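As provided, final_20.cif (mmCIF, C-alpha atoms) reads as follows.
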```
data_final
loop_
_atom_site.label_atom_id
_atom_site.label_comp_id
_atom_site.auth_asym_id
_atom_site.auth_seq_id
_atom_site.Cartn_x
_atom_site.Cartn_y
_atom_site.Cartn_z
CA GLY A 315 59.22 165.99 128.21
CA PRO A 316 56.27 163.75 127.15
CA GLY A 317 54.52 164.20 130.45
CA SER A 318 56.98 163.17 133.01
CA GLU A 319 58.43 164.69 136.16
CA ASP A 320 61.89 165.14 134.52
CA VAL A 321 63.15 166.56 137.82
CA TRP A 322 65.64 163.67 138.11
CA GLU A 323 67.80 164.62 135.12
CA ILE A 324 67.12 168.24 135.79
CA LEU A 325 68.39 168.10 139.38
CA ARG A 326 71.21 165.83 138.18
CA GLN A 327 72.44 168.66 135.97
CA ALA A 328 71.36 171.50 138.22
CA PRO A 329 73.63 173.69 140.43
CA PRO A 330 73.98 172.09 143.91
CA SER A 331 72.55 175.02 145.87
CA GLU A 332 69.46 175.16 143.77
CA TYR A 333 68.43 171.52 144.33
CA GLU A 334 65.75 172.31 146.89
CA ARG A 335 64.24 175.12 144.83
CA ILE A 336 64.11 173.00 141.70
CA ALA A 337 62.97 169.90 143.59
CA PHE A 338 59.96 171.62 145.14
CA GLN A 339 59.30 173.23 141.77
CA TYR A 340 58.59 169.73 140.48
CA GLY A 341 56.99 168.59 143.74
CA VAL A 342 59.96 166.66 145.06
CA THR A 343 60.93 167.16 148.59
CA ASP A 344 63.42 164.31 148.71
CA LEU A 345 66.25 165.95 146.82
CA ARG A 346 68.06 165.44 150.06
CA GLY A 347 67.19 161.80 149.75
CA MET A 348 68.69 161.43 146.30
CA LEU A 349 71.83 163.04 147.69
CA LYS A 350 72.06 160.95 150.87
CA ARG A 351 71.61 157.67 149.01
CA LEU A 352 74.31 158.71 146.61
CA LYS A 353 76.69 159.28 149.47
CA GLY A 354 76.11 155.64 150.29
CA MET A 355 76.52 154.95 146.57
CA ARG A 356 79.97 156.50 146.35
CA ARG A 357 80.76 155.12 149.76
CA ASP A 358 83.98 153.23 149.59
CA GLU A 359 83.81 149.55 149.50
CA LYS A 360 87.34 148.39 149.45
CA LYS A 361 87.62 144.86 148.39
CA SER A 362 89.69 142.10 150.08
CA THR A 363 86.97 141.08 152.44
CA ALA A 364 87.87 137.49 153.28
CA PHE A 365 91.34 138.22 152.12
CA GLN A 366 93.86 139.94 154.23
CA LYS A 367 96.42 139.94 151.44
CA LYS A 368 95.71 139.27 147.88
CA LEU A 369 98.27 138.36 145.30
CA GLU A 370 100.21 141.03 143.44
CA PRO A 371 99.18 141.85 139.80
CA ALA A 372 102.20 139.94 138.61
CA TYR A 373 105.41 138.35 139.80
CA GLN A 374 108.58 137.88 137.84
CA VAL A 375 110.75 134.89 138.42
CA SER A 376 113.83 133.51 136.82
CA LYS A 377 113.49 130.10 135.21
CA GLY A 378 114.98 127.56 137.53
CA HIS A 379 114.48 129.79 140.45
CA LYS A 380 112.09 129.35 143.38
CA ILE A 381 109.36 131.93 143.89
CA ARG A 382 106.54 132.05 146.40
CA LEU A 383 103.18 133.69 146.35
CA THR A 384 101.59 135.05 149.46
CA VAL A 385 97.96 135.36 150.40
CA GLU A 386 96.59 136.07 153.78
CA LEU A 387 93.13 135.23 154.76
CA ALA A 388 91.06 137.15 157.22
CA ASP A 389 90.60 133.88 159.10
CA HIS A 390 93.20 131.36 160.28
CA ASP A 391 91.33 128.15 159.60
CA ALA A 392 89.91 129.14 156.28
CA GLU A 393 91.51 127.82 153.28
CA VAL A 394 92.19 128.90 149.74
CA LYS A 395 91.80 127.18 146.46
CA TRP A 396 94.78 127.15 144.25
CA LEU A 397 94.25 127.37 140.58
CA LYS A 398 96.61 127.94 137.80
CA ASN A 399 94.86 129.17 134.64
CA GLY A 400 91.77 127.29 135.84
CA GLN A 401 93.47 124.10 137.00
CA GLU A 402 93.85 123.21 140.66
CA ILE A 403 97.48 123.57 141.68
CA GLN A 404 98.23 120.40 143.49
CA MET A 405 101.28 119.80 145.66
CA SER A 406 103.52 118.04 143.25
CA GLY A 407 106.30 116.58 145.37
CA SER A 408 108.45 119.24 146.92
CA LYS A 409 107.81 121.54 143.98
CA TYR A 410 104.57 123.00 145.24
CA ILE A 411 104.54 123.67 148.92
CA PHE A 412 101.65 125.34 150.70
CA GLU A 413 103.04 126.95 153.76
CA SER A 414 100.31 128.19 155.98
CA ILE A 415 101.64 130.44 158.65
CA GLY A 416 98.51 131.17 160.62
CA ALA A 417 96.19 132.94 158.22
CA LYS A 418 99.01 133.49 155.82
CA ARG A 419 99.16 131.00 153.00
CA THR A 420 102.40 131.14 151.20
CA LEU A 421 102.74 128.99 148.13
CA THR A 422 106.32 128.24 147.52
CA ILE A 423 107.07 126.91 144.06
CA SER A 424 110.39 125.29 143.68
CA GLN A 425 112.24 125.75 140.39
CA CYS A 426 109.78 127.71 138.30
CA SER A 427 109.75 126.58 134.74
CA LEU A 428 107.84 127.86 131.71
CA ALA A 429 105.25 125.28 132.70
CA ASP A 430 104.81 127.19 135.95
CA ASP A 431 104.35 130.39 133.96
CA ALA A 432 100.64 130.83 134.42
CA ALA A 433 98.08 132.88 136.22
CA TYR A 434 97.57 131.71 139.76
CA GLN A 435 94.30 132.25 141.48
CA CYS A 436 93.87 131.88 145.15
CA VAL A 437 90.15 131.55 145.46
CA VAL A 438 88.28 132.05 148.70
CA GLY A 439 84.54 132.30 148.45
CA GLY A 440 83.94 135.92 147.66
CA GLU A 441 87.61 136.70 147.28
CA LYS A 442 89.99 135.55 144.67
CA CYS A 443 93.03 137.05 143.17
CA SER A 444 94.69 136.18 139.96
CA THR A 445 98.38 136.85 139.84
CA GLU A 446 100.32 136.33 136.71
CA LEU A 447 103.70 134.78 137.03
CA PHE A 448 106.22 135.73 134.46
CA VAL A 449 108.92 133.18 134.14
CA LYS A 450 111.94 134.68 132.53
CA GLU A 451 114.13 132.08 130.98
#
```
Represent the supplied structure as structure tokens.
Amino acid sequence: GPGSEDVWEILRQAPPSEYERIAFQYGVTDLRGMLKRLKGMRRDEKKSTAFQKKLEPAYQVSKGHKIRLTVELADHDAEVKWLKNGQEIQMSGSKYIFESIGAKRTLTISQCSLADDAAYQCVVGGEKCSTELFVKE
């Protein structure tokens, strides 16, 4: 190396039992530290924080058939934003019905057409899910 410690890449590629030997060889005593922080690094952070149920990857519906999407929030009084491909899904008559059963927001879409065939995003701040409806005609 040019004149560096190098110990980082060296320990990174070193056998696990030899970490302390190699660390102290380069002056490092916190090999344990690099390990412990990495345990927090690989520490699972499952998503769906404000969501209790996110939309499925996709949904298939028959054209002229009613389908409904289901999202659950982690809070009862919190609301979702409804976007289809980037446009706010508004309740058009009895075609788009937001049924909120507690924290569970179920969007029932009556008579899905090819115009309904779009990606739906239920956006909560920090949590959104984009499901893609496939309307089979």
One number please: CA of residue 386 (chain A) to CA of residue 359 (chain A), in Å, one decimal. 19.1 Å
List the spatial neighbours of residue 430 (chain A) as a PDB file with C-alpha atoms, in the coordinates of the input - criterion: any atom at most 12 Å away, all atoms listed in the file, same-chain residues fewer than 4 positions off excluded.
```pdb
ATOM      1  CA  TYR A 373     105.410 138.350 139.800  1.00  0.00           C
ATOM      2  CA  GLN A 374     108.580 137.880 137.840  1.00  0.00           C
ATOM      3  CA  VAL A 375     110.750 134.890 138.420  1.00  0.00           C
ATOM      4  CA  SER A 376     113.830 133.510 136.820  1.00  0.00           C
ATOM      5  CA  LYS A 377     113.490 130.100 135.210  1.00  0.00           C
ATOM      6  CA  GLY A 378     114.980 127.560 137.530  1.00  0.00           C
ATOM      7  CA  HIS A 379     114.480 129.790 140.450  1.00  0.00           C
ATOM      8  CA  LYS A 380     112.090 129.350 143.380  1.00  0.00           C
ATOM      9  CA  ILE A 381     109.360 131.930 143.890  1.00  0.00           C
ATOM     10  CA  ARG A 382     106.540 132.050 146.400  1.00  0.00           C
ATOM     11  CA  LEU A 397      94.250 127.370 140.580  1.00  0.00           C
ATOM     12  CA  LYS A 398      96.610 127.940 137.800  1.00  0.00           C
ATOM     13  CA  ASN A 399      94.860 129.170 134.640  1.00  0.00           C
ATOM     14  CA  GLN A 401      93.470 124.100 137.000  1.00  0.00           C
ATOM     15  CA  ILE A 403      97.480 123.570 141.680  1.00  0.00           C
ATOM     16  CA  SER A 406     103.520 118.040 143.250  1.00  0.00           C
ATOM     17  CA  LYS A 409     107.810 121.540 143.980  1.00  0.00           C
ATOM     18  CA  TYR A 410     104.570 123.000 145.240  1.00  0.00           C
ATOM     19  CA  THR A 422     106.320 128.240 147.520  1.00  0.00           C
ATOM     20  CA  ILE A 423     107.070 126.910 144.060  1.00  0.00           C
ATOM     21  CA  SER A 424     110.390 125.290 143.680  1.00  0.00           C
ATOM     22  CA  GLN A 425     112.240 125.750 140.390  1.00  0.00           C
ATOM     23  CA  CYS A 426     109.780 127.710 138.300  1.00  0.00           C
ATOM     24  CA  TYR A 434      97.570 131.710 139.760  1.00  0.00           C
ATOM     25  CA  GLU A 446     100.320 136.330 136.710  1.00  0.00           C
ATOM     26  CA  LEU A 447     103.700 134.780 137.030  1.00  0.00           C
ATOM     27  CA  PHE A 448     106.220 135.730 134.460  1.00  0.00           C
ATOM     28  CA  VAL A 449     108.920 133.180 134.140  1.00  0.00           C
ATOM     29  CA  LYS A 450     111.940 134.680 132.530  1.00  0.00           C
ATOM     30  CA  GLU A 451     114.130 132.080 130.980  1.00  0.00           C
TER      31      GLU A 451
END
```
Tell me which protein, DNA and RNA residues are within 12 Å of residue 338 (chain A), counting only C-alpha atoms, leaving out same-chain ones fewer than 6 positions away, and put them as a VMD selection string. chain A and resid 319 321 325 332 344 to 346
Please put the answer as JSON: centre and edge lengths, in Å with one decimal, of a box along x, y and z that encloses all listed atoms of region 429-447 of chain A plus 8 Å on each side.
```
{"center_x": 94.6, "center_y": 131.2, "center_z": 140.7, "size_x": 37.3, "size_y": 27.8, "size_z": 32.0}
```
Once the PyMOL selection byres ((chain A and resi 393) around 12) is applied to the coordinates I shared, what remains selected? I want it as a PDB file with C-alpha atoms, in the coordinates of the input.
```
ATOM      1  CA  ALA A 364      87.870 137.490 153.280  1.00  0.00           C
ATOM      2  CA  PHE A 365      91.340 138.220 152.120  1.00  0.00           C
ATOM      3  CA  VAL A 385      97.960 135.360 150.400  1.00  0.00           C
ATOM      4  CA  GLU A 386      96.590 136.070 153.780  1.00  0.00           C
ATOM      5  CA  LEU A 387      93.130 135.230 154.760  1.00  0.00           C
ATOM      6  CA  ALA A 388      91.060 137.150 157.220  1.00  0.00           C
ATOM      7  CA  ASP A 389      90.600 133.880 159.100  1.00  0.00           C
ATOM      8  CA  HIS A 390      93.200 131.360 160.280  1.00  0.00           C
ATOM      9  CA  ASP A 391      91.330 128.150 159.600  1.00  0.00           C
ATOM     10  CA  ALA A 392      89.910 129.140 156.280  1.00  0.00           C
ATOM     11  CA  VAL A 394      92.190 128.900 149.740  1.00  0.00           C
ATOM     12  CA  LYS A 395      91.800 127.180 146.460  1.00  0.00           C
ATOM     13  CA  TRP A 396      94.780 127.150 144.250  1.00  0.00           C
ATOM     14  CA  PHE A 412     101.650 125.340 150.700  1.00  0.00           C
ATOM     15  CA  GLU A 413     103.040 126.950 153.760  1.00  0.00           C
ATOM     16  CA  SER A 414     100.310 128.190 155.980  1.00  0.00           C
ATOM     17  CA  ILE A 415     101.640 130.440 158.650  1.00  0.00           C
ATOM     18  CA  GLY A 416      98.510 131.170 160.620  1.00  0.00           C
ATOM     19  CA  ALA A 417      96.190 132.940 158.220  1.00  0.00           C
ATOM     20  CA  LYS A 418      99.010 133.490 155.820  1.00  0.00           C
ATOM     21  CA  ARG A 419      99.160 131.000 153.000  1.00  0.00           C
ATOM     22  CA  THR A 420     102.400 131.140 151.200  1.00  0.00           C
ATOM     23  CA  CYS A 436      93.870 131.880 145.150  1.00  0.00           C
ATOM     24  CA  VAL A 437      90.150 131.550 145.460  1.00  0.00           C
ATOM     25  CA  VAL A 438      88.280 132.050 148.700  1.00  0.00           C
ATOM     26  CA  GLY A 439      84.540 132.300 148.450  1.00  0.00           C
ATOM     27  CA  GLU A 441      87.610 136.700 147.280  1.00  0.00           C
ATOM     28  CA  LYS A 442      89.990 135.550 144.670  1.00  0.00           C
TER      29      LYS A 442
END
```
What lies within 8 Å of residue 445 (chain A) using all atoms listed in the file, ignoring chain neighbours under 5 positions off, as a PyMOL selection string? chain A and resi 369-373+433-435
Would you mind telling me which residue in A:443, A:352, A:411, A:432 lies nearest to residue 367 (chain A) when using all atoms listed in the file? A:443
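Relative to CA of residue 318 (chain A), CA of residue 349 (chain A) is found at 20.9 Å.
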Pick out the closest residue to residue 340 (chain A) from this set: A:428, A:421, A:324, A:405. Count only C-alpha atoms. A:324
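With all atoms listed in the file as the atoms that count, the minimum distance from residue 334 (chain A) to the choices A:427, A:357, A:348, A:440 is reached by A:348.
Proximity of A:444, A:361, A:407, A:322 to residue 341 (chain A), computed with all atoms listed in the file, is greatest for A:322.
Straight-line separation from CA of residue 366 (chain A) to CA of residue 351 (chain A): 28.9 Å.
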